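Here the structure comes first, spelled out in structure tokens, and everything after it is commentary.
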Amino acid sequence: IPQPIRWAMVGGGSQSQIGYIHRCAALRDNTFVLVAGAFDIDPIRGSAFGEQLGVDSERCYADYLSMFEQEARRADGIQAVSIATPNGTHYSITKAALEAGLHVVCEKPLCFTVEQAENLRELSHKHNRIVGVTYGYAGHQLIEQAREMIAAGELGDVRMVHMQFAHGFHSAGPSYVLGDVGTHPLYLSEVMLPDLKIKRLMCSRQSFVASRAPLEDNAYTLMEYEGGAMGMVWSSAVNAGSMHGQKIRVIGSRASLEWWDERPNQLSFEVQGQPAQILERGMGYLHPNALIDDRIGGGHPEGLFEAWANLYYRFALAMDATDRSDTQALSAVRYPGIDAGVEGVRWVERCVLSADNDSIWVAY
Amino acid sequence: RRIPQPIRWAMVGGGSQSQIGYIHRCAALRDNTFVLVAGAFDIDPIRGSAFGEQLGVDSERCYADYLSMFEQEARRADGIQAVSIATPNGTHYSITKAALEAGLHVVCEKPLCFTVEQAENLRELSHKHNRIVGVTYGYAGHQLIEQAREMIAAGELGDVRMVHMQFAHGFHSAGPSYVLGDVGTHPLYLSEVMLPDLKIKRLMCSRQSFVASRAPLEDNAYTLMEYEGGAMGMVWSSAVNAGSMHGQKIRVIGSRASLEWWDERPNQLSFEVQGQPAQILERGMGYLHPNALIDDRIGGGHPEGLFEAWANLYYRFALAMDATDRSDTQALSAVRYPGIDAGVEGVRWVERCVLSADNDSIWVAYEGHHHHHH
Amino acid sequence: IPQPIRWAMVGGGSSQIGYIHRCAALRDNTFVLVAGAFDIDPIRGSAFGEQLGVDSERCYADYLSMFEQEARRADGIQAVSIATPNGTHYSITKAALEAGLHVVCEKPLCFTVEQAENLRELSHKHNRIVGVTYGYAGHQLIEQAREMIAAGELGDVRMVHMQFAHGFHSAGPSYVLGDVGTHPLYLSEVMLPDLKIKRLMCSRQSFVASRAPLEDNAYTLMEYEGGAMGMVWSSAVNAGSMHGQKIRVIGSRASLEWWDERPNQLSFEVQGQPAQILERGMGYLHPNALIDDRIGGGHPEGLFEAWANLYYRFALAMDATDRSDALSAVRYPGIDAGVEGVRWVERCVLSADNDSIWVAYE
Amino acid sequence: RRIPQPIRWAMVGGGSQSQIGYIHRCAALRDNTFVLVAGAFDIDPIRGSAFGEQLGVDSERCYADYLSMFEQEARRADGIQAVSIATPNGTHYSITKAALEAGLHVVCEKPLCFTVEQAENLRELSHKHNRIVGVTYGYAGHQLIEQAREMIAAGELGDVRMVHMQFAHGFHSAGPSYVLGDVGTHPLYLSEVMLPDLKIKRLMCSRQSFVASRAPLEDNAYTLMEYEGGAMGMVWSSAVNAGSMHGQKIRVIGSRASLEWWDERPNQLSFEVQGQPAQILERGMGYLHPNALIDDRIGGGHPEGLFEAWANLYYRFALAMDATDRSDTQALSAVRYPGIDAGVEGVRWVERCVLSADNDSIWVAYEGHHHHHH
Ligand SMILES: [Mg+2]
Ligand SMILES: [Mg+2]
Ligand SMILES: [Mg+2]
Ligand SMILES: [Mg+2]
């Protein structure tokens with residue numbers, strides 16, 4: 001991309017951790033350039049924030065509607081917008097952006113219902129604009145390594161996919177942890193095993209902090225994949241003592257792979273009957289696709305900020321290919337798009353249906 | 001001191017070809033808690049006698065079968081007082097029954113038997129003949145398991161919310177069940193030790209035979225449980241967890257903190273208070289509870305292993321036998337060991353999981369009768 | 001700092017070193033890149049600089065030309081970072097200072113103590129700062145260690161064991177001593193500022209023979225005033241090691257240990273108590289260790305964050321020096337740190353070249 | 001099979017008040033390699049007799065002192081054949097000497113003695129009376145130490161460049177030395193097993209007494225060594241490494257790869273080939289060398305501990321004794337155990353480090369005479 005994509009944010013204002021990483025990622029390597037935004041419901045502190053960031057005073061709109069309409073009149077108007085507002089606003093804001101002919105990057109989750117998600121998807125195709133979803137963990141290079149090893153048959157036939165995102169920060173929309181954290185490792189499995197398809201699943205959710213009912217702060221999701229493989233997802237915000245605990249273990253007939261988000265730069269490779277191995281980010285034995293995004297030599301620890309930059313970069317590549325109508329270039333870019341968004345919403349929906357019905361199996 | 005005279009002991013099976021006879025002997029004979037004076041070591045008379053004589057066992061006490069041993073030993077004044085059964089799982093029920101009927105304390109290699117009805121029969125006989133029936137859930141012999149029990153009882157974890165268990169190795173990546181009873185019940189007993197008051201209300205199980213030829217016996221299973229009171233429990237049993245050397249772990253999650261133990265690192269115990277720095281407790285340290293230090297056989301820092309745990313277990317079996325022989329109920333209750341009750345529950349747990357699994361993972365009441373329609 | 005500092009880069013063109021420098025300086029718009037001498041090849045330099053959005057007339061052919069022409073601009077650079085070969089650090093830093101520009105020089109300030117003394121002379125004379133890239137000190141937990149040690153949580157310090165031994169090369173006056181040994185040495189400086197080296201000895205080897213007389217491995221034993229002992233293992237031939245930079249501070253009451261490959265955790269081991277692991281971003285950390293958090297605990301930050309934090313401190317020192325006032329409340333690897341880094345290497349080489357005899361530190 | 005009849009054994013010390021007597025007995029009596037038939041267990045005859053009797057030792061063979069035992073036992077047809085000395089370090093020399101002169105094989109708790117001259121005397125006596133002198137560098141009993149030896153000999157590490165050793169615990173944070181001989185020599189013997197052909201050319205040592213009252217005995221020390229051939233070696237000995245439970249580690253660094261072992265995790269061995277994924281080898285796996293599998297007492301995955309290592313050690317002492325009794329030199333050379341030579345070298349290393357440390361860390365020749373001026 002010869003030039004930075006004219007960008008803007010909705011939300012992600014003062015003291016927003018989420019907004020900060022979005023900006024770091026998007027502006028990394030000047031892939032995007034923040035030229036406008038609706039940073040706060042509070043108009044005064046919205047412009048005060050936008051200006052410290054160097055955003056022109058007249059482009060620190062009071063809301064997303066005014067921003068979209070006014071920007072449409074500028075030859076230098078925004079081309080894409082990132083949404084970091086509350087979950088219940090995601091559907092309406094993403095809908096507007098698309099109708100405005102803008103590329104979108106929406107913070108998880110896309111929306112609350114499958115219907116809404118399918119509506120947004122029809123619009124993205126109608127307006128020919130991408131809708132990326134922030135499954136930022138997929139930006140870590142080793143996730144690519146796993147994908148390549150599995151496709152190359154290094155694990156043999158896949159038998160199980162054990163996932164979990166269980167932290168304890170809350171030991172003291174249709175769901176809470178299922179949508180807030182469960183979907184992250186679920187998307188990682190999508191990247192690692194793109195051909196695996198869910199046939200049916202059951203879920204058991206609890207509200208250990210009672211006042212949270214009906215929203216769950218803990219959940220178990222058991223899945224049956226077409227072909228015989230099994231899947232398990234443990235979602236939690238009450239796993240006391242856990243700093244994050246997002247892990248995915250893929251088990252095959254020949255070996256297993258295991259990745260942990262708190263140790264992003266190492267990937268466990270366990271061949272049955274052989275010594276366990278630890279693969280390191282940036283090493284020459286890695287598949288080429290797992291090396292392209294390295295920003296520093298192996299041994300030097302990269303982090304989540306790098307992963308998000310890698311993710312935002314792919315978003316940029318997708319938008320660009322979509323704009324130049326370069327069918328070939330778009331097919332070569334893998335990113336969390338509208339389909340991943342739809343699936344995230346559907347998985348949660350199926351899980352809630354099962355859980356509300358005493359954990360019955362439900363077709364996917 | 002407490003076992004002044006070594007308990008006259010015998011073994012059924014565990015001969016030359018046995019893969020478990022060694023740990024049983026090392027554990028039982030340690031500190032001379034038991035003394036091997038007889039046995040029915042082999043289905044092959046000559047090989048059994050050869051083996052037995054190599055152990056210093058009276059040639060005339062190397063019986064051809066468990067029945068002849070029980071019958072003849074019962075006529076001797078210095079006849080065996082206890083017997084350890086290490087024969088194939090299918091024989092555990094009948095041998096344990098014969099031993100009990102013969103007035104012998106029993107130590108049975110898990111499982112105790114295959115059905116709950118058989119299990120209840122052994123329990124009935126055990127009470128009738130006033131003889132114990134220890135079951136070999138030997139991982140419970142590790143000191144830190146007691147530490148966890150003490151910590152949980154002291155409210156260190158606040159209210160218990162989840163008990164996550166697993167015993168998933170991958171050696172087989174290439175009765176009524178396989179992994180559920182072979183490995184699943186080990187961590188299950190560990191939870192019993194750490195949380196004696198927790199009662200299972202109902203559970204569901206999903207089991208698979210990844211190596212198809214094994215069906216209907218499962219080489220992988222997931223068990224989700226609901227404890228009375230709201231807590232949840234999960235058990236992952238597997239012999240196809242490729243790359244895993246054992247993988248037996250248990251994590252107890254409470255409202256205030258969690259604790260986790262892994263059998264491959266038996267001398268450490270993770271203690272994670274939410275909002276505080278994670279902690280690692282070490283076997284043999286002064287900050288441990290006395291009940292978690294009494295079994296130490298060497299100073300902290302030096303690693304102890306499964307053999308020590310098994311010796312610790314057999315020692316409790318001996319204490320239980322002595323208290324029972326003394327008709328001391330209160331004393332007996334002070335001995336924390338996997339006895340007839342744990343044996344029954346281990347069989348029940350497998351039976352309920354199998355019932356759930358055979359019925360597409362529907363919820364089944366842990367106790368009581370489950371019905372399709374009623 | 002209301003306005004970004006007008007910044008330039010010498011070298012670090014089409015260079016991961018240049019990359020992390022830029023990522024760090026430009027983050028949160030602490031600095032703004034307006035000029036540079038990116039390459040020996042003007043064509044490649046201009047192309048590079050232009051890709052970065054730098055005016056073509058400000059993509060200078062050499063550092064002197066840049067310093068000369070920029071002095072004539074109201075929007076001229078105020079600071080310059082050097083990422084050229086270690087052999088050019090001295091002369092370029094000297095030129096920068098005489099030009100009245102703040103400087104950020106890559107790891108080795110220079111080769112000799114004389115040179116280091118001269119640069120310090122100039123920094124004071126032109127009242128400009130000279131930061132050195134001991135970036136690992138940017139990690140928050142290093143601050144945590146410093147505070148814990150100062151509050152006496154380790155009791156009396158007895159030993160300081162450091163190492164930076166990787167194996168990438170298993171197949172100036174030194175090599176690893178200056179390239180990797182000085183990194184954990186600076187970490188100890190931040191953790192134990194009051195510690196003073198009395199004397200030390202060093203043993204160095206050239207396992208890959210052709211590297212002689214430069215060492216690819218070295219052991220440095222030190223005696224601190226007060227009785228504490230210090231050990232430094234520098235290596236590029238520790239086969240199998242991805243980096244292996246670690247520091248363990250041992251006190252009479254407890255120890256703490258940090259490893260650069262797991263920057264977000266700090267081991268705290270109180271004798272007779274359960275070992276503890278401190279996590280970046282947690283509420284039990286000292287306030288000073290939390291100020292630089294850019295994201296919640298549990299999310300792994302990395303070396304890029306540490307460098308960002310380092311560059312912010314450089315900016316703060318430059319500002320305070322400019323507004324002339326504040327400079328005392330900002331800790332950072334400056335000229336003194338640079339000088340000491342040079343002296344430690346010089347003392348180590350002297351000892352090693354003389355069969356590991358003890359040598360007074362100063 | 002190779003020890004048809006249990007070796008008539010005895011202990012000097014290791015009584016009820018000893019904290020090392022238990023591991024010696026467990027190791028020696030395991031598999032009936034040895035049989036305890038006599039002892040000089042306590043300087044207090046009454047307590048020694050009581051103790052000994054509790055072990056099945058005839059009251060008449062519970063001697064009041066090692067001298068009496070050696071003299072009386074030598075006059076018995078069923079007299080002891082070997083003796084383990086577990087008394088204070090200062091007595092090792094004289095007791096070992098007396099045992100050897102009394103025609104007894106010896107197993108001495110380290111160190112063998114305090115001076116090289118004494119160590120050479122014991123070596124001379126050992127050859128004269130043709131009796132072995134094993135030294136308890138028990139950590140070498142762990143299987144993975146043999147694996148490392150095999151890997152190094154097979155060239156897995158390429159050319160050895162560095163040998164980094166340490167044994168630094170913090171239990172004491174609050175003869176001629178303390179930690180050098182007490183813990184320093186353990187990993188040193190581990191390196192001897194892994195790198196038998198490596199020869200020390202010269203070394204320097206810096207030692208400190210952080211708890212001043214201990215001086216001149218050190219509670220911390222650093223030893224830097226130059227091996228013949230160019231490789232370097234480092235040993236950190238410490239009793240004041242606050243927070244460390246044991247901390248015994250050895251990392252061997254070669255031109256191609258490195259390997260590392262930690263006594264607190266004895267069942268794993270790190271294998272790091274430069275440029276390749278780090279590897280972790282596990283005790284009991286089929287990819288190990290048979291010499292590293294032969295001592296397995298249970299399947300991999302189950303953790304073995306220091307007691308197994310010690311039993312493995314004692315078994316080798318037994319094999320060495322038998323080979324010596326058969327006068328089979330070639331057979332004796334196949335038995336890899338810490339014998340008199342390892343004993344002498346353990347004493348020499350300490351003596352050289354002390355000489356250097358006492359002289360402000362000057363380089364001292366490992367072999368030969370060191371001089372201020374010459
Ligand atoms: Mg019945
Ligand atoms: Mg099925
Ligand atoms: Mg002599
Ligand atoms: Mg001194």
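The figures that follow rest on heavy atoms only: side chains count, while hydrogens, waters and symmetry mates do not. Below, read A as the first sequence line, B as the second, and so on, with proteins coming before strands; counting in each chain starts at 1. Ligands are counted one by one from 1 in listed order, and the atoms in each one are counted from 1 as well.
A salt bridge does not link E351(B) to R348(B): none of the charged nitrogens lies less than 4.0 Å from a carboxylate oxygen.
Residue pairs meeting the salt bridge (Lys or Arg N to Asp or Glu O under 4.0 Å) criterion with at least one partner in residues 353-364 of chain D, sequence neighbours excluded, are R199(C)-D360(D), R207(D)-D358(D).
In the displayed structure, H369(B) atom NE2 is contacted under 6.0 Å by at most 12 heavy atoms of other residues, nucleotides or ligands.
At distances below 3.5 Å, at least one donor-acceptor pair connects side-chain atoms of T185(B) with backbone N or O atoms of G181(B).
Distances shorter than 2.8 Å separate the Mg ion (ligand 1) from the protein N/O/S atoms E117(B) OE2, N121(B) OD1.
Between the side chains of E345(B) and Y366(B), at least one donor-acceptor pair of N or O atoms lies under 3.5 Å.
Taking the six-membered ring for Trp, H161(C) and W236(D) have ring centres closer than 6.0 Å.
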